[PDB]
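Here we start with a single chain on its own, the form deposited in one PDB entry, put down as structure tokens.
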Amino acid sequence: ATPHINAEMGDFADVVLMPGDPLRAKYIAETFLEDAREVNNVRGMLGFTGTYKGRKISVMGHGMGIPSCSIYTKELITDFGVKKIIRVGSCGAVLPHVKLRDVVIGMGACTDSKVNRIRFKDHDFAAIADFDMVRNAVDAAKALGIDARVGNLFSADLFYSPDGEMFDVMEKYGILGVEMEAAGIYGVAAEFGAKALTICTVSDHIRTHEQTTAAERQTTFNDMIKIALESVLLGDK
């Protein structure tokens, strides 16, 4: 076990899907995986392992924010033999043509966190996904007939920012979705030698003010999960 996961090597698949919400992890396990078993509940951060079309797969919450997900992703990689992490999250949109419930794939993740500067001697570390994982997601989505845009996310430390003007800058630079984790997970993946990808579903739009309910975020963003799971199968070929 590790300080935040009461499990043993073997309990997790070598690929883990990770939403921020452990309740979404539960819904995914119950809906998409066969023979699902709970493999963690420390701090209520539910994780499960099951099979999807014969392929062993795990799904576990990572909590909100870079510091939270950095803990779980590190633990999975060093102690549970996890090779790939697919974050399956929600994000806010700033772009006019990005719509509620759109699926976005974060090839890169910008951030206002200091964690990567701490890692990288105060220079700019480009927090990027694994290329093959990005391509597997894109191809899985095309096979599924689900649209998906690929580009930059922005991983914010403050969901409630005092600096509203930063959204104008994000939009200018083509940021697809604003969430709170991708850059941190990508940093961890680089530090500990694993592969990672963040896929998000647009749960609110910052300019139009539209949003989804907490219940909707918890269970209904299934397009991204299908993409994630099928991308794993492509990855195995």
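Residues that one form lacks are left out of the comparison. Rigid core here is just the name for the largest C-alpha set that superposes within 1.5 Å across the two forms. Position 1 is the first residue in the sequence shown; the rest follow in order.
Another form exists, deposited in another entry; not displayed. Remarks below refer to it.
K.L.:
Superposing on the rigid core, I want to see if residue 171 changes position between the shown form and the other one - specifically a Cα shift of 2 Å or more.
P.N.:
Moves: no, less than 2 Å.
K.L.:
Rigid core superposed, CA of residue 211 - does it shift 2 Å or more between the shown form and the other one?
P.N.:
Comparing forms between the shown form and the other one, the residue 211 CA shifts at least 2 Å.
K.L.:
What happens to the Cα distance from residue 220 to residue 227 in the other form: does it get closer or farther than here, with a change of 3 angstroms or more?
P.N.:
Compared with the form shown here, the C-alpha atoms of residue 220 and residue 227 sit closer together in the other form, by 3 Å or more.
K.L.:
If the C-alpha spacing of residue 145 and residue 219 moves by 3 Å or more in the other form, is that a move closer or farther apart?
P.N.:
Note: Cα gap between residue 145 and residue 219 shrinks in the other form.
K.L.:
What runs of three or more residues stand out between the shown form and the other one, with each Cα shifted 2 Å or more once the rigid core is matched?
P.N.:
Moving region between the shown form and the other one: 209 to 220, nothing else.
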